[PDB]
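Colleague: Okay, here's the structure, questions in a sec.
What follows draws every value from the coordinates through simple rules; no lab data is involved. Here Cβ is always computed from backbone atoms with ideal geometry, including for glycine, and neighbour counts include all displayed protein chains.
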Amino acid sequence: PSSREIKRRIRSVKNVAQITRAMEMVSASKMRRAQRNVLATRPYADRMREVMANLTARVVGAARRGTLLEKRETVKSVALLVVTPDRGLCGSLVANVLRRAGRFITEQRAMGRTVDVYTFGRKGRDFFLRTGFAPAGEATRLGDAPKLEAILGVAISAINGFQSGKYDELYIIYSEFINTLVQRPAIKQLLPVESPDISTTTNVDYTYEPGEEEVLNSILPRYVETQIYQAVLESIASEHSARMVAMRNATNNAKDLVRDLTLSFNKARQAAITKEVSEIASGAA
Amino acid sequence: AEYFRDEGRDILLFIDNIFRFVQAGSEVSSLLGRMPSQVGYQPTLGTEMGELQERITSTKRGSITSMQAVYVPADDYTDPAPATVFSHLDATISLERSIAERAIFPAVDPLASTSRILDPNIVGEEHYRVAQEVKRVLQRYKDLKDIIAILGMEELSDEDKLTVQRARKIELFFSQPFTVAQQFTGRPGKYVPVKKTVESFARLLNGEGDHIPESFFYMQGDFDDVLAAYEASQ
């Protein structure tokens, strides 16, 4: 506080404000393109949604409700999927999703179900490595526009684990994009338990050339992979939105601190001028 | 006081705003035609200060337990009067405007407050360890203050985040209701013995009370009162 250190501080926080505003702008463009990608992925997702509803409408017997469609009893092992940002600055989003994952692990262990972690994004990977859980499936360096082929390394592993009895149920934790400003973590069930939607009510009778059971066993894994891809893209959009909000708040805070530091600098400047003129007047007299 | 000190009686000496002693000296010196030193202060500032303060001493015949108060012009701690006072003390306490504005009314700044007998041989090893840890943690928070201010709490590491939360709890916990200040804060005064203070802060640093929200450390006695308040709040 010597009217020169405060000047350096003011310059520093001004640089912070400029960098943060630039981050907010690029995060806005990122959110735009991520929303575009989500909407471009929407047709596959919803078409397969009503296709699955129609298929499970016909497959109603317990005997043929096997493989991925079976509603297993006496659940023993549960796998949860977590999608997290690869980088920080997201604000409370990473903390929120990891708190949700931790508490969900708490209830799943409360009922006696052993839990295994499958993580997208470096933040969740690092957190779960530090806390103790070894990543059963690890996938990082997912860009803002990931391809479905990039998720296979985890999704196929989870589906094979469920098929082999390793996991009796499957979950995903992702950041839902409620608004441009408001985002919460969400929980979804990955064992199908499909909805008796209008499609399920639809009685359009079909023909299954390779076979009903074969079509079922070939479409359930792809439906699950589509759900995971939707969740990952939703999480990417929420990541960019949360970074936008965090950087807007940081820019506003930096501007407020620049204002306060400018007030302090002006006070120091006036004090320095008063001190020097008082000393000069004393020396003259 | 010196008469009673010399005959062996233990004396408690309370002098208020030694700064007005220095200020009156400055005004008298200005009227006396002396050349002003630094900020309009008397050239004989150190000598007058020493003449007053070297008589405030516990000698072999008897002891004086002096407990002064000092007013810093506005919030200036580099002013010549407190600057000369600081070297004339065994225990220094600094009251900050910012802490008082937060209603943490005892308002003592732990980082700017020191004492000569904060040594494990005199005050005890556990007391010294707890105090030094409560200053280290307080420092970490002062270093991360700007990082928290602009960016936010989430960019800190997990251990930095934990130490920041513990530092805020410690700041709130130094608040204490006083019997004489019952008019301002409706809470009755609390007399916390030094042993209970050491135990409370050792428990706070150990990790106990981490789950408690920081709002329950405000204007409480020892850690047991905080635990009781939390339990009553469930």
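Colleague: Identify, by number, the condition in (1) part of a loop (DSSP other than H, G, I, E, B); (2) within 13 Å of the chain's Cα centre (by Cα); (3) surrounded by 13 or more Cβ atoms within 10 Å (Cβ to Cβ) that A:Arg87 doesn't meet.
Modeller: Single failed check for A:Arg87: (3).
Colleague: Then there is this: So how many residues does the range B:178-234 have that are assigned to a helix (DSSP H, G or I) and either free of Cβ contacts under 8 Å to residues at least 40 places away in the same chain or under 21 Å from B:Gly124 (Cα atoms) (or both)?
Modeller: Final tally of qualifying residues: 24.
Colleague: Hey, another quick one. Going by what's in this entry, would B:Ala112 be described as small (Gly, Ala, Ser) and assigned to a loop (DSSP other than H, G, I, E, B)?
Modeller: yes
Colleague: From the list B:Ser175, B:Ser157, exactly one residue is within 14 Å of chain A (Cβ to nearest Cβ) and of a type in the set (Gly, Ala, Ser). Which is it?
Modeller: Selected residue: B:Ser157, the only one of B:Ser175, B:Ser157 that is within 14 Å of chain A (Cβ to nearest Cβ) and of a type in the set (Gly, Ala, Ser).
Colleague: With respect to the numbered conditions (1) outside any helix (DSSP H, G or I); (2) more than 14 Å from every other protein chain (Cβ to nearest Cβ); (3) among the basic types (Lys, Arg), which one is the sole condition not fulfilled by B:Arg20?
Modeller: (1)
Colleague: Continuing with the same structure: Out of the range B:44-54, which residues are surrounded by 13 or more Cβ atoms within 10 Å (Cβ to Cβ) and either part of a helix (DSSP H, G or I) or not hydroxyl-bearing (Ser, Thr, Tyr) (or both)?
Modeller: Matches in the range B:44-54: B:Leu45, B:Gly46, B:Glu48, B:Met49, B:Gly50, B:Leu52, B:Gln53.
Colleague: Hey, another quick one. Could you list, ordered by first residue, the pairs with Cβ atoms under 8 Å in which the first is in the range A:1-12 and assigned to a loop (DSSP other than H, G, I, E, B) and the second is not polar (S, T, N, Q), at least 6 apart or interchain?
Modeller: A:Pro1/A:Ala268; A:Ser2/A:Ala268; A:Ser2/A:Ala272; A:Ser3/A:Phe265; A:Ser3/A:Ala268; A:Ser3/A:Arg269; A:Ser3/A:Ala271; A:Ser3/A:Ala272
Colleague: Does B:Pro82 meet the test of being surrounded by 14 or more Cβ atoms within 10 Å (Cβ to Cβ), touching a helix residue (DSSP H, G or I) at 6+ places or on another chain (Cβ under 8 Å), without any contact (Cβ under 8 Å) to a residue 12 or more places away in the chain and not charged (D, E, K, R)?
Modeller: no
Colleague: Kindly indicate the residue of the range A:97-121 that is more than 18 Å from A:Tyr167 (Cα to Cα) and crowded, with 18+ Cβ neighbours inside 10 Å and also nearest to the other protein chains (Cβ to nearest Cβ) among those meeting that condition.
Modeller: A:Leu98
Colleague: Working carefully through the options A:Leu129, A:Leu39, A:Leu68, find the one that is within 14 Å of another protein chain (Cβ to nearest Cβ), of a type outside the set (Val, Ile, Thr) and assigned to a helix (DSSP H, G or I).
Modeller: A:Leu129
Colleague: Here's a follow-up. When you scan the range A:139-150, do you find a residue that is part of a helix (DSSP H, G or I) and under 15 Å from A:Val83 (Cβ atoms), even just one?
Modeller: yes
Colleague: With (1) within 22 Å of A:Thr251 (Cα to Cα); (2) within 14 Å of chain A (Cβ to nearest Cβ); (3) of a type in the set (A, V, I, L, M) as the list, and B:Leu144 as the residue in question, which single condition is left unmet?
Modeller: The failed condition is (2).
Colleague: Looking at A:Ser241, A:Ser199, which one is touching a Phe, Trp or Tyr at 6+ places or on another chain (Cβ under 9 Å) and either surrounded by 19 or more Cβ atoms within 10 Å (Cβ to Cβ) or not in a loop (DSSP other than H, G, I, E, B) (or both)?
Modeller: From the options A:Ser241, A:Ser199, the qualifying one is A:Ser241.
Colleague: Only one residue in A:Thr207, A:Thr226 is touching a residue at least 24 places away in the same chain (Cβ under 8 Å) and either closer than 18 Å to A:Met25 by Cβ or more than 14 Å from chain B (Cβ to nearest Cβ) (or both). Which one?
Modeller: Answer to the selection: A:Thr226.
Colleague: Another question, then. Would you confirm, using the coordinates I've provided, whether B:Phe173 is aromatic (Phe, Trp, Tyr), assigned to a helix (DSSP H, G or I) and under 17 Å from the mean Cα position of the chain (by Cα)?
Modeller: So B:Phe173 fits the description; yes.
Colleague: Considering only the range A:128-146, I want to know if a residue exists there that is within 14 Å of A:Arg222 (Cα to Cα) and surrounded by 15 or more Cβ atoms within 10 Å (Cβ to Cβ).
Modeller: For the range A:128-146, residues within 14 Å of A:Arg222 (Cα to Cα) and surrounded by 15 or more Cβ atoms within 10 Å (Cβ to Cβ): absent.
Colleague: Can I ask one more? Quick one: what pairs do we get from the range B:123-138, first residue farther than 12 Å from B:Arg203 by Cα, second in a loop (DSSP other than H, G, I, E, B) and acidic (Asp, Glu), C-beta under 8 Å, 6+ apart or different chains?
Modeller: Short answer, once both residue conditions are applied: B:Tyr128/B:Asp119.
Colleague: I would also like to ask the following. Kindly indicate whether A:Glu234 is more than 29 Å from A:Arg11 (Cβ to Cβ), under 17 Å from the mean Cα position of the chain (by Cα), within 14 Å of chain B (Cβ to nearest Cβ) and not aliphatic (A, V, I, L, M).
Modeller: Answer is no for this residue.
Colleague: Being away from chain A (no Cβ under 14 Å) and aromatic (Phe, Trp, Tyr): is that true of B:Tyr77 here?
Modeller: So B:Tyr77 fails the test.
Yes/no per residue for (1) loosely packed, with under 12 Cβ neighbours inside 10 Å; (2) closer than 30 Å to A:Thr251 by Cα; (3) more than 14 Å from every other protein chain (Cβ to nearest Cβ):
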| position | (1), (2), (3) |
| --- | --- |
| B:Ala100 | no, yes, yes |
| B:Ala112 | no, no, yes |
| B:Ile117 | yes, no, yes |
| B:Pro120 | no, no, yes |
| B:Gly124 | no, no, yes |
| B:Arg129 | no, no, yes |
| B:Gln139 | no, yes, yes |
| B:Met153 | no, yes, no |
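Colleague: Can you tell me which residues in the range B:89-99 are over 12 Å from the mean Cα position of the chain (by Cα) and either assigned to a loop (DSSP other than H, G, I, E, B) or hydrophobic (A, V, I, L, M, F, W, C) (or both)?
Modeller: B:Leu89, B:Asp90
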